[PDB]
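Peer 1: Next up is a structure, given as structure tokens.
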Amino acid sequence: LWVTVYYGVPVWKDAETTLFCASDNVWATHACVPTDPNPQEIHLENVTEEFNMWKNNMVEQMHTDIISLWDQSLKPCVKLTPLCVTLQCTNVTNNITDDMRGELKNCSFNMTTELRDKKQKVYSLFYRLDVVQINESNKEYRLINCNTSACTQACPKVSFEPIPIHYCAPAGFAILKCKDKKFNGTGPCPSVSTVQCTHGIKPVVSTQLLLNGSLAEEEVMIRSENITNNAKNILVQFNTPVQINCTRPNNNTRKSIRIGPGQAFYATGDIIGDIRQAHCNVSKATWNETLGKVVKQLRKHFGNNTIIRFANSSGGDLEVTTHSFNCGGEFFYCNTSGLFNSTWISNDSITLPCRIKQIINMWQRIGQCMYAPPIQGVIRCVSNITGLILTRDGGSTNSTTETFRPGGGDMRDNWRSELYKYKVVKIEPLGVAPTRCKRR
Amino acid sequence: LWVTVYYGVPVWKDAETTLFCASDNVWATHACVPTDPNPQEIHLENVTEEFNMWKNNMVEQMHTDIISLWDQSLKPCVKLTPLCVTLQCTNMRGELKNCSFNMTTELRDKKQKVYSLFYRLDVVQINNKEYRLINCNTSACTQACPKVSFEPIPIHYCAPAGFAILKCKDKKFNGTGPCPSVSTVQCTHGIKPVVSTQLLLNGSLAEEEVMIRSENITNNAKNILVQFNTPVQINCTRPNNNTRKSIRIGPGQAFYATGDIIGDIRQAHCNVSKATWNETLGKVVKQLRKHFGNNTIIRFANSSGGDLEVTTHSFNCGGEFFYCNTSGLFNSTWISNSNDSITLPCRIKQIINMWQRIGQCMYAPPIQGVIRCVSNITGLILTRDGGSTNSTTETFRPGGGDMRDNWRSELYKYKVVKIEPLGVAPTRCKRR
Amino acid sequence: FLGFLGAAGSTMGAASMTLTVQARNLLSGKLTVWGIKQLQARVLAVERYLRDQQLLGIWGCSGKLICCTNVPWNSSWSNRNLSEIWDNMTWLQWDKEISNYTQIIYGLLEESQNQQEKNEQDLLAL
Amino acid sequence: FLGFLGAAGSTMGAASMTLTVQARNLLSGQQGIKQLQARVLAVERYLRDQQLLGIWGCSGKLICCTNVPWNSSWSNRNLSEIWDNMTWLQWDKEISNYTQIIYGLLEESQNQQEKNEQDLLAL
Amino acid sequence: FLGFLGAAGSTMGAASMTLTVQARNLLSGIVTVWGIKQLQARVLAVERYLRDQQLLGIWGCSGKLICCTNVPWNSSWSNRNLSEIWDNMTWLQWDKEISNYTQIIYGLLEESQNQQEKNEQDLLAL
Ligand SMILES: *[C@@H]1O[C@H](CO)[C@@H](O[C@@H]2O[C@H](CO)[C@@H](O[C@@H]3O[C@H](CO)[C@@H](O)[C@H](O)[C@@H]3O)[C@H](O)[C@H]2NC(C)=O)[C@H](O)[C@H]1NC(C)=O
Ligand SMILES: *[C@@H]1O[C@H](CO)[C@@H](O[C@@H]2O[C@H](CO)[C@@H](O[C@@H]3O[C@H](CO)[C@@H](O)[C@H](O)[C@@H]3O)[C@H](O)[C@H]2NC(C)=O)[C@H](O)[C@H]1NC(C)=O
Ligand SMILES: *[C@@H]1O[C@H](CO)[C@@H](O[C@@H]2O[C@H](CO)[C@@H](O)[C@H](O)[C@H]2NC(C)=O)[C@H](O)[C@H]1NC(C)=O
Ligand SMILES: *[C@@H]1O[C@H](CO)[C@@H](O[C@@H]2O[C@H](CO)[C@@H](O)[C@H](O)[C@H]2NC(C)=O)[C@H](O)[C@H]1NC(C)=O
Ligand SMILES: *[C@@H]1O[C@H](CO)[C@@H](O[C@@H]2O[C@H](CO)[C@@H](O)[C@H](O)[C@H]2NC(C)=O)[C@H](O)[C@H]1NC(C)=O
Ligand SMILES: *[C@@H]1O[C@H](CO)[C@@H](O[C@@H]2O[C@H](CO)[C@@H](O)[C@H](O)[C@H]2NC(C)=O)[C@H](O)[C@H]1NC(C)=O
Ligand SMILES: *[C@@H]1O[C@H](CO)[C@@H](O[C@@H]2O[C@H](CO)[C@@H](O)[C@H](O)[C@H]2NC(C)=O)[C@H](O)[C@H]1NC(C)=O
Ligand SMILES: *[C@@H]1O[C@H](CO)[C@@H](O[C@@H]2O[C@H](CO)[C@@H](O)[C@H](O)[C@H]2NC(C)=O)[C@H](O)[C@H]1NC(C)=O
Ligand SMILES: *[C@@H]1O[C@H](CO)[C@@H](O[C@@H]2O[C@H](CO)[C@@H](O)[C@H](O)[C@H]2NC(C)=O)[C@H](O)[C@H]1NC(C)=O
Ligand SMILES: *[C@@H]1O[C@H](CO)[C@@H](O[C@@H]2O[C@H](CO)[C@@H](O)[C@H](O)[C@H]2NC(C)=O)[C@H](O)[C@H]1NC(C)=O
Ligand SMILES: *[C@@H]1O[C@H](CO)[C@@H](O[C@@H]2O[C@H](CO)[C@@H](O)[C@H](O)[C@H]2NC(C)=O)[C@H](O)[C@H]1NC(C)=O
Ligand SMILES: *[C@@H]1O[C@H](CO)[C@@H](O[C@@H]2O[C@H](CO)[C@@H](O)[C@H](O)[C@H]2NC(C)=O)[C@H](O)[C@H]1NC(C)=O
Ligand SMILES: *[C@@H]1O[C@H](CO)[C@@H](O[C@@H]2O[C@H](CO)[C@@H](O)[C@H](O)[C@H]2NC(C)=O)[C@H](O)[C@H]1NC(C)=O
Ligand SMILES: *[C@@H]1O[C@H](CO)[C@@H](O[C@@H]2O[C@H](CO)[C@@H](O)[C@H](O)[C@H]2NC(C)=O)[C@H](O)[C@H]1NC(C)=O
Ligand SMILES: *[C@@H]1O[C@H](CO)[C@@H](O[C@@H]2O[C@H](CO)[C@@H](O)[C@H](O)[C@H]2NC(C)=O)[C@H](O)[C@H]1NC(C)=O
Ligand SMILES: *[C@@H]1O[C@H](CO)[C@@H](O[C@@H]2O[C@H](CO)[C@@H](O)[C@H](O)[C@H]2NC(C)=O)[C@H](O)[C@H]1NC(C)=O
Ligand SMILES: *[C@@H]1O[C@H](CO)[C@@H](O[C@@H]2O[C@H](CO)[C@@H](O)[C@H](O)[C@H]2NC(C)=O)[C@H](O)[C@H]1NC(C)=O
Ligand SMILES: *[C@@H]1O[C@H](CO)[C@@H](O[C@@H]2O[C@H](CO)[C@@H](O)[C@H](O)[C@H]2NC(C)=O)[C@H](O)[C@H]1NC(C)=O
Ligand SMILES: *[C@@H]1O[C@H](CO)[C@@H](O)[C@H](O)[C@H]1NC(C)=O
Ligand SMILES: *[C@@H]1O[C@H](CO)[C@@H](O)[C@H](O)[C@H]1NC(C)=O
Ligand SMILES: *[C@@H]1O[C@H](CO)[C@@H](O)[C@H](O)[C@H]1NC(C)=O
Ligand SMILES: *[C@@H]1O[C@H](CO)[C@@H](O)[C@H](O)[C@H]1NC(C)=O
Ligand SMILES: *[C@@H]1O[C@H](CO)[C@@H](O)[C@H](O)[C@H]1NC(C)=O
Ligand SMILES: *[C@@H]1O[C@H](CO)[C@@H](O)[C@H](O)[C@H]1NC(C)=O
Ligand SMILES: *[C@@H]1O[C@H](CO)[C@@H](O)[C@H](O)[C@H]1NC(C)=O
Ligand SMILES: *[C@@H]1O[C@H](CO)[C@@H](O)[C@H](O)[C@H]1NC(C)=O
């Protein structure tokens, strides 16, 4: 027996690399590699591979990529430095339907002119969540973040609508897909298939309800890093989507105010008609059957005779305790306390009120914000609820009841429900073997 | 005899290339890759290579890297352009001025009236009780960020692939000429970017004797680098108990001024021990008489410069930039035949133009409390006054100016070469 | 034609017939965030290909996939016979078994090739 | 074992037995833009030497024999004196010139060898 | 001496003796906004040259400019004479008249080398 050297053996090891992107906006699709339609996926027959959704580098790279493409699209946009003034605000009492009362403030202020030695007196309609009183018929107010930073106005010619992207791999690296229909994130897989690139993951930003995105195949899947630990979130993946319908009934108007040479600030004008609060609608019966399936799946892990309870959130800030999304360029905050209110002993609609902010501090960065300009006309929205993020209140080693509340906070778990089936490996083509052959 | 081609022969040539940093604040430890825990040093036997410390391209790349990593840490820092205003200023003695002035507010509609304690070296009269900052015709200073530190950290300059760094290991090497103890190395030792004038603080020591290095001894226009074999300790005070207050300019921008000083006001000073500096100058004179003659009278004088950075020993103690008047140190004559200390008074400046770039200054924020040096004087930068071809006396005065001579006292044993592994040789064999 | 890396489940005797499809799909087979890092990935792929090609060329197996050497197989590395290594194991199972003894083989092959080149130069003189 | 350049002072008879330790330390390593341009330059400098070895027919081996006769005008010295009392640095310092003409004769000799092999295999 | 690319108008017999002055210039031919442009141009040139060298080394022709292969000519890609190809044709017309059927040859050479390597492997076991 002698040593024989083989080049090109099918041997891989677990590694990490900088995955580049491909595509078929703020997501920089124009500078991505075009995607070739081809039979890119083939099946590996007699292989078992150990996957781990909780120690994946791809999601931690995608978070950095989303941040880096978010903060570079705001560079060719106007910075709202001279807006940090004193506002004289008044309550609006035009056609108020007693629910959006005290939410909108009619604030007048002095503003700069494109000529440097002139000033103008303008007015705008701000929300209650964006203004802070300074003197603790008119009162003096200020913007909520002018003590800390200066917001950058989002340009109206770019959109925040998510479009699908694909994550390819460089040479010497391969992407392995888990094709198991009963996969729970962590463990061995007997059906592994290599693929040239991932599918189209839409970067949808949400905190409590995983809007849009992909679904499960067979049944509702419950995934957690440690199901007995209560300090770790629970990702619930649906097999059938639950349709939700956003609205904004206010017919807003946007007017431009020239604050410099070639710089305009888009303020809110008057509202035609009545002022009614924004809301969302969901079906009662579909949500009832979906929560029944979620309870039936959660009873597999937490005892077969326990009492599963759902109660509303317990967060501190508005991004955690309130379902936040973005539709039409406006950022919503949905109360969603009528969804999670039930106990489970072993054509109506649910209407959920909303609130709208304009001073947005996304990705929880210190000293950086963004001003969302108003959108003219009404805003409509149809979305699919295809998953949940839950947190369990555990105060007993053995108990007959469990309480689950909606979670949120970190946006990394939003994209961990899409890259759970993928892993990246490095191909090592060299190898040695014993063979009965010798050199001359 | 036939030509045979050999690949991988150990032949090198002199070359210029980029060298990448490595380490294990303003001095970026993020960009620099981590080095190996233990380095490798092969002792090349039977090798004699010619070195030249005065014409290596390892200090010219280093100076550019010092500038580049200096001016990229002042990029997220605040630009003090609203502060070029009219300052109404009132009164050791006369050094400090109490200046009151208008200032903007976070709200763009309102204004405030603030005050600060500036130095006499930072303000100039508008033409009394009418002052402005000294830089406000040239540029607006960028305030140093109060969280990044000015402490120097060691950085090793590693060579790229296909190149090599040849350390010389002779203990009597004078910079130029053949070194017969050449050994290669992976990366250089820890070189601290310490900026100083007239003294080399926190540097490497010689092993056997005090070393005198110059490009040309006879020419008096060349600086002389003196390297010590033992260190001299220096300790400082800034005895004013300073208070820092944050005059907040706009949205997220602040200006850290000087508040009231608690207690008395005394000048800053820092001390050199007399019993060590005497006979340290004795070793310097003994090693200087080997080039200028056995009977010359070696003298010292304080300074003859015109700039404040050249005349005074300029350094950075604790975050504050000191300019010490080293006139009692370099005051001696030497003719060929126990706790007292020399106190050097120092002045403090806040508007700093460091690398002598026209139109770029930097404001140093005040530091609360008392600041103390402790440092090793490990070298001198002398300059000889000529005048005669046959002189019986010689006068040596401290120099400075260019900061490339500070790092040339550390990169004097190193040399970067490229490998040329391709040879042809006659051998009595031919290809079938 | 199974495709790229499709013979990973088969035995190593049957997976040794498709080395070309694994070897071919290597080596590619700021103004923007996607600019610098894809260039760095391309240069890393070129370096990773060139290091393996140099390591093949030192042993004297340049320009071929299956290369026969003259280094005897030590019994301390493995004790399995030829009848079940090539007919019961795959390349992934075999790689995890001789992972601790690969540097010894990587030194023995280059010392054997250096001795072979020295003997060839000594033989060509006579 | 000597090291990366431990045979740089010994004779060329003993320095030719350790050509592996200098061949392998030419790509990545006891040896943003500043990283990447240096890496590309190292890759190109390796590839130029590999191409120069490949044109002469010396590809894949560290020591090769060729058919170019040794001109006496390049160097007139004994075999037992060159290989036993000289160093590769000194030998490179002697033949700094005449290298390009040696490279040209090696390239054209391999060209004639290749065309003669093609003419032999044409039968 | 016709210089670099100077034999493009000559016939195949005259241009087959001058491939070295082309092959020297496929690697390198040289001694702000221009930095990353030159960097990506150098990276693309290195990748193209390495891909061509890998494609030569797959067929079993590494280190040679002219190599022969055991696969035959089907006389359907070009049924014309040997004399009027190598004396009355240039390389450009040959590429324009053979490039329809050049992707089937590139697998034929690969499978011939794959058969040759296993034949040499089991011939050496005796
Ligand atoms: C989940 O996915 C759905 C389906 O793509 C998203 O709904 C779509 O949202 C976009 C952006 O708001 C709507 O486009 C806009 O619609 C009108 C009518 O043309 C107009 O304002 C604009 O010209 C623009 O095209 C789109 O109509 C809407 N689709 C439907 C069927 O209503 C939804 O936003 C996603 N949910 C998220 C991101 O939370
Ligand atoms: C180097 O040392 C010399 C002395 O060894 C210093 O020269 C001295 O400088 C001071 C102040 O610059 C002079 O004092 C002034 O002198 C006149 C007296 O008529 C008067 O105008 C002022 O009231 C003041 O006292 C002093 O005369 C002068 N001494 C000599 C001998 O010229 C010199 O400043 C030092 N150089 C440095 C530190 O660069
Ligand atoms: C691993 O799976 C592979 C699939 O590529 C199996 O290979 C063939 O499997 C079929 C299925 O019955 C057999 O009829 C063939 O004889 C197999 N081909 C061979 C042995 O060359 C392979 O057998 C599987 N391995 C095991 C241990 O079951
Ligand atoms: C998952 O959670 C369980 C429950 O909290 C962890 O088990 C605990 O481990 C610690 C550390 O040894 C012990 O002090 C506790 O008593 C354990 N709790 C119970 C209920 O047994 C467990 O470590 C976590 N991780 C894994 C990987 O299982
Ligand atoms: C959500 O559903 C509610 C009813 O559950 C809708 O409110 C009704 O809207 C219609 C017009 O579409 C009015 O005629 C009714 O008077 C409303 N009823 C009540 C009780 O207010 C609401 O429009 C739906 N919102 C959507 C689909 O966005
Ligand atoms: C929201 O308000 C706008 C502006 O008032 C409405 O626009 C109408 O546009 C037509 C032409 O397209 C004009 O002739 C009308 O005069 C406008 N109507 C009114 C009442 O101003 C728009 O229709 C409104 N959107 C609604 C009610 O959904
Ligand atoms: C917000 O306040 C402004 C005044 O500060 C209101 O503008 C006035 O509107 C009335 C009613 O149409 C006009 O008669 C006045 O001429 C307007 N004054 C101006 C433009 O200076 C504005 O309507 C208020 N917005 C509301 C209540 O939504
Ligand atoms: C959400 O809104 C959609 C419209 O976008 C509703 O879907 C329609 O509902 C009506 C009323 O039952 C049906 O007649 C239509 O066939 C539905 N489809 C379309 C395409 O128009 C949907 O019912 C709403 N969902 C909820 C929960 O209110
Ligand atoms: C610098 O000058 C300011 C005035 O511009 C002095 O501040 C005043 O100090 C007196 C005496 O303590 C107080 O009564 C006043 O209330 C202070 N005024 C303000 C506006 O703060 C300050 O003390 C001076 N600092 C010195 C001399 O170190
Ligand atoms: C800060 O600003 C105030 C307000 O303008 C200045 O006080 C006035 O200064 C002007 C200068 O021409 C005098 O004529 C006035 O008499 C001052 N008082 C008033 C009530 O207007 C003050 O001088 C500024 N502080 C400085 C420059 O240090
Ligand atoms: C000043 O010089 C002294 C004397 O050389 C240094 O103290 C030495 O530090 C090294 C650090 O590696 C130790 O190995 C020695 O044992 C120390 N020697 C003595 C006698 O204590 C001191 O570190 C220097 N100070 C600075 C700030 O560089
Ligand atoms: C070192 O400096 C001395 C003194 O300037 C130089 O010697 C002079 O050389 C010039 C020509 O360059 C002659 O004209 C002078 O007569 C020389 N002066 C003396 C006093 O000898 C010397 O050349 C310099 N060394 C080098 C290597 O350039
Ligand atoms: C430098 O040395 C001087 C004395 O030469 C020191 O000044 C003395 O400091 C102590 C401590 O506060 C006082 O009690 C003495 O009265 C001071 N002496 C004089 C003459 O004023 C000074 O502190 C030293 N500086 C250092 C060590 O940084
Ligand atoms: C500089 O002044 C401050 C403020 O007076 C001193 O801080 C005091 O320090 C003492 C002793 O540690 C504490 O008991 C006090 O609580 C501190 N605060 C105050 C408000 O008195 C500080 O020690 C002084 N610095 C020096 C070097 O003496
Ligand atoms: C500089 O300061 C150090 C301490 O930081 C002084 O060293 C002290 O010297 C005295 C007198 O010999 C000893 O009693 C102390 O034990 C020493 N302290 C330490 C920590 O070593 C040193 O003398 C000062 N140098 C000067 C003033 O030149
Ligand atoms: C540096 O220090 C020296 C002595 O330490 C200073 O020289 C003294 O300057 C004062 C200024 O009033 C004169 O009265 C003394 O007569 C000088 N002393 C001697 C011995 O000549 C010198 O001025 C300082 N340099 C400065 C302040 O630039
Ligand atoms: C460095 O030079 C020394 C002295 O010439 C060499 O040592 C001699 O090497 C020869 C050749 O192998 C031996 O025959 C001698 O016995 C050695 N010793 C003496 C004292 O002559 C040495 O080989 C050289 N090279 C190194 C250390 O790499
Ligand atoms: C370019 O074409 C001309 C004209 O055909 C070539 O010159 C002769 O071509 C004939 C065939 O047509 C050959 O038999 C001759 O040997 C060629 N030469 C002479 C001197 O008559 C010519 O060779 C072609 N190439 C170049 C580079 O000029
Ligand atoms: C709006 O009305 C509320 C309730 O009366 C009152 O407290 C508040 O001050 C008003 N806001 C104004 C005048 O800005
Ligand atoms: C996931 O499945 C694996 C394999 O059966 C099991 O060990 C693990 O406990 C499961 N984890 C959860 C959270 O259900
Ligand atoms: C919550 O549920 C209880 C019964 O479980 C019901 O009485 C109550 O009205 C519900 N509240 C909401 C806001 O739906
Ligand atoms: C919701 O899910 C359905 C069914 O999978 C799909 O056709 C539709 O495109 C999804 N999205 C919507 C309505 O935005
Ligand atoms: C006051 O300030 C002036 C500024 O010229 C200074 O000369 C003077 O010494 C100070 N003190 C007194 C008491 O006048
Ligand atoms: C040296 O210092 C002493 C004491 O400080 C001083 O009197 C003397 O003038 C100085 N010497 C010279 C030559 O200036
Ligand atoms: C040669 O290959 C071509 C490919 O088009 C095919 O048509 C032809 O029949 C083949 N010739 C023979 C003799 O097999
Ligand atoms: C080329 O081949 C054909 C095949 O029919 C033959 O007739 C002819 O003579 C050959 N030679 C030339 C010069 O055309």
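As shown in the structure tokens, the chain order sets the letters A, B, ...; within each chain, residues go from 1, and ligands are also counted from 1 in the order they appear.
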Neighbouring residues of range 14-26 of chain E were defined as those with any atom within 9 Å, considering only C-alpha atoms; residues of the same chain fewer than 3 positions away were excluded. Please report them as a list in words.

Peer 2: residues 48, 51, 52, 55, 107, 111 and 115 of chain D; 2, 3, 4, 5, 6, 7, 8, 9, 10, 11, 29, 45, 48, 49, 65, 86, 87, 90 and 91 of chain E

Peer 1: Could you list the protein, DNA and RNA residues that have any atom within 8 Å of ligand 8, counting only C-alpha atoms and all ligand atoms, and write them as a VMD selection string?

Peer 2: chain A and resid 243 to 245 281 to 284 349 381 to 382

Peer 1: From a backbone DSSP assignment, name each residue in chain C labelled strand (DSSP E or B), as number ranges by chain.

Peer 2: C: 66-72

Peer 1: Quick one: write out the picked residues with N, CA and C atoms as a PDB file, in the first residue's frame?

Peer 2:
ATOM      1  N   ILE C  66      -5.016  12.408 -10.255  1.00  0.00           N
ATOM      2  CA  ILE C  66      -4.627  11.214  -9.517  1.00  0.00           C
ATOM      3  C   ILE C  66      -3.136  10.995  -9.732  1.00  0.00           C
ATOM      4  N   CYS C  67      -2.364  11.079  -8.653  1.00  0.00           N
ATOM      5  CA  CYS C  67      -0.912  10.988  -8.713  1.00  0.00           C
ATOM      6  C   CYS C  67      -0.427   9.884  -7.788  1.00  0.00           C
ATOM      7  N   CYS C  68       0.433   9.015  -8.310  1.00  0.00           N
ATOM      8  CA  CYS C  68       0.977   7.896  -7.557  1.00  0.00           C
ATOM      9  C   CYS C  68       2.338   8.282  -6.993  1.00  0.00           C
ATOM     10  N   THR C  69       2.528   8.053  -5.700  1.00  0.00           N
ATOM     11  CA  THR C  69       3.771   8.374  -5.014  1.00  0.00           C
ATOM     12  C   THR C  69       4.468   7.089  -4.581  1.00  0.00           C
ATOM     13  N   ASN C  70       5.635   7.249  -3.958  1.00  0.00           N
ATOM     14  CA  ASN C  70       6.448   6.123  -3.515  1.00  0.00           C
ATOM     15  C   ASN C  70       6.651   6.115  -2.000  1.00  0.00           C
ATOM     16  N   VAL C  71       5.728   6.715  -1.262  1.00  0.00           N
ATOM     17  CA  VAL C  71       5.770   6.746   0.197  1.00  0.00           C
ATOM     18  C   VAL C  71       4.937   5.577   0.712  1.00  0.00           C
ATOM     19  N   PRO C  72       5.510   4.661   1.493  1.00  0.00           N
ATOM     20  CA  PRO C  72       4.731   3.525   2.001  1.00  0.00           C
ATOM     21  C   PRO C  72       3.697   3.955   3.030  1.00  0.00           C
TER      22      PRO C  72
END

Peer 1: Which chain D residues are at most 7 Å from chain E (counting only C-alpha atoms), as an MDAnalysis selection string?

Peer 2: chainID D and resid 54 57 59

Peer 1: Export N, CA, C and O atoms of the chosen residues as a PDB file, in the first residue's frame?

Peer 2:
ATOM      1  N   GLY D  54       7.472  27.908 -17.046  1.00  0.00           N
ATOM      2  CA  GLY D  54       6.704  27.122 -17.998  1.00  0.00           C
ATOM      3  C   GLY D  54       7.119  27.288 -19.445  1.00  0.00           C
ATOM      4  O   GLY D  54       6.947  26.360 -20.242  1.00  0.00           O
ATOM      5  N   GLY D  57      10.113  24.997 -20.328  1.00  0.00           N
ATOM      6  CA  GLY D  57       9.891  23.580 -20.146  1.00  0.00           C
ATOM      7  C   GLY D  57      10.277  23.044 -18.787  1.00  0.00           C
ATOM      8  O   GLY D  57      10.279  21.823 -18.599  1.00  0.00           O
ATOM      9  N   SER D  59       8.624  23.303 -16.000  1.00  0.00           N
ATOM     10  CA  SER D  59       7.427  23.466 -15.188  1.00  0.00           C
ATOM     11  C   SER D  59       7.241  22.299 -14.228  1.00  0.00           C
ATOM     12  O   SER D  59       7.444  21.138 -14.591  1.00  0.00           O
TER      13      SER D  59
END

Peer 1: Taking only C-alpha atoms and all ligand atoms and a cut-off of 6 Å, can you tell me which residues surround ligand 22, written as an MDAnalysis selection string?

Peer 2: chainID A and resid 241 382:384

Peer 1: Only C-alpha atoms, please: the residues just picked out, written as an mmCIF file, in the first residue's frame.

Peer 2:
data_model
loop_
_atom_site.group_PDB
_atom_site.id
_atom_site.type_symbol
_atom_site.label_atom_id
_atom_site.label_comp_id
_atom_site.auth_asym_id
_atom_site.auth_seq_id
_atom_site.Cartn_x
_atom_site.Cartn_y
_atom_site.Cartn_z
ATOM 1 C CA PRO A 241 -51.241 32.857 6.150
ATOM 2 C CA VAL A 382 -52.820 43.981 2.480
ATOM 3 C CA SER A 383 -50.315 41.728 4.236
ATOM 4 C CA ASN A 384 -49.812 38.117 5.308
#

Peer 1: Find the residue from C:64, C:118, C:30, C:51 that sits nearest to chain A; use only C-alpha atoms when measuring.

Peer 2: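 Looking only at the distances to chain A, the closest residue turns out to be C:64.
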
Peer 1: Which residues are near residue 301 in chain B? Cut-off 10 Å, only C-alpha atoms, ignore same chain within fewer than 3 positions. Put them as a PyMOL selection string.

Peer 2: chain B and resi 304+326-333+395-398

Peer 1: Output the neighbourhood of ligand 11 as a PyMOL selection string, that is, all protein and nucleic acid residues with some atom at most 7 Å from the ligand, counting only C-alpha atoms and all ligand atoms.

Peer 2: chain B and resi 202-203+230-231+374-376

Peer 1: Can you write out the residues you just picked, keeping C-alpha atoms, as a PDB file, in the first residue's frame?

Peer 2:
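Ended up saving to result39.pdb:
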ATOM      1  CA  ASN B 202       9.958  56.343  25.975  1.00  0.00           C
ATOM      2  CA  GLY B 203      12.389  54.801  23.504  1.00  0.00           C
ATOM      3  CA  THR B 230      20.617  54.135  30.847  1.00  0.00           C
ATOM      4  CA  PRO B 231      17.396  56.152  31.254  1.00  0.00           C
ATOM      5  CA  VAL B 374       6.739  59.720  34.373  1.00  0.00           C
ATOM      6  CA  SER B 375       9.029  59.137  31.415  1.00  0.00           C
ATOM      7  CA  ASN B 376      12.461  57.912  30.351  1.00  0.00           C
TER       8      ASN B 376
END

Peer 1: When the cut-off is 7 Å and we count only C-alpha atoms, which residues of chain A are near chain B, given as a short mmCIF file (atom, residue, chain, number, x, y, z; two decimals) with N, CA, C and O atoms, in the first residue's frame?

Peer 2:
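Written file, part-v5.cif:
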data_model
loop_
_atom_site.label_atom_id
_atom_site.label_comp_id
_atom_site.auth_asym_id
_atom_site.auth_seq_id
_atom_site.Cartn_x
_atom_site.Cartn_y
_atom_site.Cartn_z
N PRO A 82 -31.84 73.13 10.41
CA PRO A 82 -32.50 74.35 10.89
C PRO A 82 -33.93 74.18 11.38
O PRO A 82 -34.57 75.18 11.70
N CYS A 84 -34.65 72.78 14.17
CA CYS A 84 -34.57 72.82 15.63
C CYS A 84 -34.85 74.25 16.10
O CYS A 84 -33.94 75.02 16.42
N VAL A 85 -36.13 74.60 16.14
CA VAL A 85 -36.59 75.91 16.56
C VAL A 85 -37.66 75.73 17.63
O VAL A 85 -37.97 74.62 18.05
N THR A 86 -38.23 76.85 18.06
CA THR A 86 -39.34 76.86 19.01
C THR A 86 -40.65 76.91 18.24
O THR A 86 -40.85 77.81 17.42
N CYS A 146 -34.15 67.00 18.93
CA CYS A 146 -33.23 68.08 18.61
C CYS A 146 -32.25 68.37 19.74
O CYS A 146 -31.28 69.11 19.53
N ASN A 147 -32.47 67.82 20.93
CA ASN A 147 -31.47 67.89 21.99
C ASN A 147 -30.32 66.93 21.73
O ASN A 147 -29.19 67.19 22.16
N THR A 148 -30.58 65.83 21.02
CA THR A 148 -29.60 64.77 20.84
C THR A 148 -28.94 64.76 19.47
O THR A 148 -27.73 64.50 19.38
N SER A 149 -29.68 65.03 18.40
CA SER A 149 -29.14 64.96 17.05
C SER A 149 -30.00 65.80 16.12
O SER A 149 -30.88 66.55 16.55
N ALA A 150 -29.72 65.69 14.82
CA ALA A 150 -30.51 66.32 13.78
C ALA A 150 -30.93 65.24 12.79
O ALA A 150 -30.08 64.51 12.26
#
